[PDB]
Structure formats: C-alpha cells, structure tokens
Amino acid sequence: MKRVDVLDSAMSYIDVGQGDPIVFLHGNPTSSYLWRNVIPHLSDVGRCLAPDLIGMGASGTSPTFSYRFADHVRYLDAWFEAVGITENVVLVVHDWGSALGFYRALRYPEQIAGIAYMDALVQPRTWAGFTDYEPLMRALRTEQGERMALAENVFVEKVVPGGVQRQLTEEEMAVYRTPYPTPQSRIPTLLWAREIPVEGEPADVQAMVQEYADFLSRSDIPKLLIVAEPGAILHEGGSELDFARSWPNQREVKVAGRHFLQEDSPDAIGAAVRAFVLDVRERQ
C-alpha cells in the first residue's frame, strides 16, 4: 500500500495500474480489502485506487476522534487533492463509500466520468427500508450502542458475517478484525451507524445526502447500478432501490449477494464494472 498525509492524519491506499483513475470507496466496517477481488478485473484498463478511510483499515486515526461524515468528507477530499485524482474519475462505491463519492460528485461533477454503485445510500433513509436490520441499527443509535459497537465489536463480529452468503475463512475475519483490537479503536463503526440520516436525523447529514440525491436524480453522469439479490439497503420492493432506478443515464446489472456483495460475487461485479469503464472511456 501507498500512504499520504491528509490533514492531521495519514491515509493508506491501493494504487495499481495505469491510465485514467478508478476509485473504489468502501464503507463500514470494511476497507480497501473489500475490493481485493474486484480490482484485478480493472487494473489493466485503468489506474485503480482504493483508500482506507481514516480510523479504518491500514490508515492513521483521527487524533481528535473526529469521525463524523463531515470529517470523513474532509479527510477524503484531502486525499483526492494530495494524490491528484481530479480528472476523469470513475467512482466505484458501496455503503458509506457511496455517500462519500456521491457527495464528491455533487461538488466536483466536472471531475467525474462515471459512477458505479452498489448497496448505496441513495437518499435519506426511513426505518421501513432497514427491514431485517431495523432492530440492530435502532439499538446502535440508543445508549446501548457504546456496548454493542465498542465493547462487543458488533459490526465486525456479526454484521460482516451476516452480510455475506458464503462462509468467511478465519483469515478473512482476522483481516477485518485487524483495525479494531480495542473498544477505543471501534468508534468509527459506531459513528457510521449514528450518522445515517434516518427520517431527518442527524439533520446535517440528512441535508448533505438530500442534496446529492436531488443532484444525481437529475445528473447526466454515466452510472452503473449493481443490484445484489437479495441485497440489503437496495432490495426489491424497497423505496430506496426504486428511487435509484429512477436515475438518468444509468444501466443496471444484477448479482448474487447480501450487503457485502463483493465477498459473494466479485467476478461478476468486476466484469460489469469493467464493461462500464470501457464504455465510459469510449465517450471522453
């Protein structure tokens, strides 16, 4: 991995290949590791970059423990600028990664050549859309959350295995556990749970997400929507997937998987993203 100072911390990142950039943004509680089997379908047709968000993966931590969505936006902005990823960017995004990439395309659309997204935060959430996850996420946003996320590491020990159809090896789980050895190291996972805009709160993230939803639903940026079956956030019959399916200049591809679909169908995801990237580069 490479590494670069960002603000008061340091961000590690995968950087393999040549050409126009293809940026892979992970979510909670994962890292660039999640993309390991998808990137090889792309590293001969583009410069693949996959950063670990601050406090996650192999990256540095926030010395002020500033782990809100706004903080991650600032850290990732600093990373884009430091590395020079400002022209003809294909974003490949998932979970909070989508929120970060969507927001970036909102503010710098001239820099974005295309967006491929999966189980994404496409608009502010409602509790109905959480379906199977509603009791857990609700509890994480009450005072129980400190125990569940920090003392019990629930995202790594339960959400990750729950969100994969196949059985993870012990080495895979060891990799996912590596950034989070102590309760005081797991604050980013709790914050990501508490930052989700659900029916108005938190109001600042709700505003940012509403803004990029309003923009992307009218933006002619080329898009690939990868839908997992049965999926999680974006699922058949759900209001959020319906909204995503309204977006313009968009193609859709279906693959097998739950929330962490990369662990179940990486080759199909990589093949779809590769067709997309070639198509997008054709019209530059």
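In case it trips you up, residue 1 is the first one in the sequence shown, and so on.
In this crystal structure, the stretch out of 226-234 and 47-55 whose C-alpha atoms carry the higher mean B factor is 226-234. Between 91-99 and 123-131, the higher mean Cα B-factor belongs to 123-131. Take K254, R68, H26, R36 and read off each C-alpha B-factor from the entry; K254 has the highest.
Across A113, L191, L140, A78, the greatest Cα temperature factor reported in the deposited entry is at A113. In the deposited entry, the Cα temperature factor of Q210 places it in the middle third of its chain's modelled residues. When the CA B factors of the chain's modelled residues are split into thirds, the value for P63 lands in the lowest one. In this PDB entry, the Cα temperature factor of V154 sits in the bottom third of its chain's modelled residues, the lowest group. In this PDB entry, the Cα temperature factor of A174 sits in the bottom third of its chain's modelled residues, the lowest group.
Sorting the modelled residues of the chain by their CA temperature factor places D8 in the lowest third.
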